[PDB]
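> This one's experimental. Sequence and coordinates below.
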Amino acid sequence: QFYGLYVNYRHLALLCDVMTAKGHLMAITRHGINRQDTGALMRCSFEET
DNA sequence: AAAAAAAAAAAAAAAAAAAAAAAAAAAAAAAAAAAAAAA
């Protein structure tokens, strides 16, 4: 809202629920995505293959 | 005319900034165990 851009609430609440799903702060880095419980090929496709 | 030493050609060889997590070392209070004084 500083730049006057409007994004719908669902697309923001989905991200806010993705980060707070595990009970702590799951950042969107290589330290939060690669520390999840997903598959090996999914995690190696992003960073630190 | 046959045998040996030095020079030159051919072939193999080795020489940038940011940010987060983990490891480490000095410190520091706490707690359990051992030695000494007194009743």
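That came through fine. Residues are numbered from 1 along each chain as shown, chains lettered A, B, ... in the order given.

> remind me, longest helix of chain A?
helix A:9-19 (DSSP state H).

> what's downstream of it, the next helix or strand?
Downstream of helix A:9-19, the first helix or strand assigned by DSSP states H and E is helix A:40-44.

> Name the nearest residue to the residue most central in space within chain A, ignoring sequence neighbours.
Centroid-nearest residue in chain A: residue A:28, 4.6 Å away (criterion: Cα atoms, centre = their mean). If the residues on either side of it in the chain are set aside, residue A:28 comes closest to residue A:19, at 7.5 Å by Cβ to Cβ, 6 or more residues apart in numbering. C-beta coordinates here come from the backbone N, C-alpha and C atoms, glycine included.

> Compute the distance between that neighbour and residue A:9, please.
16 Å (Cβ to Cβ, to the nearest Å).

> Neighbour count for those two, which is higher?
Neighbours per residue (other Cβ atoms under 10 Å) separate residue A:19 from residue A:9, with residue A:19 holding more: 13 against 7.

> Before I go, just wanted to say thanks for your time.
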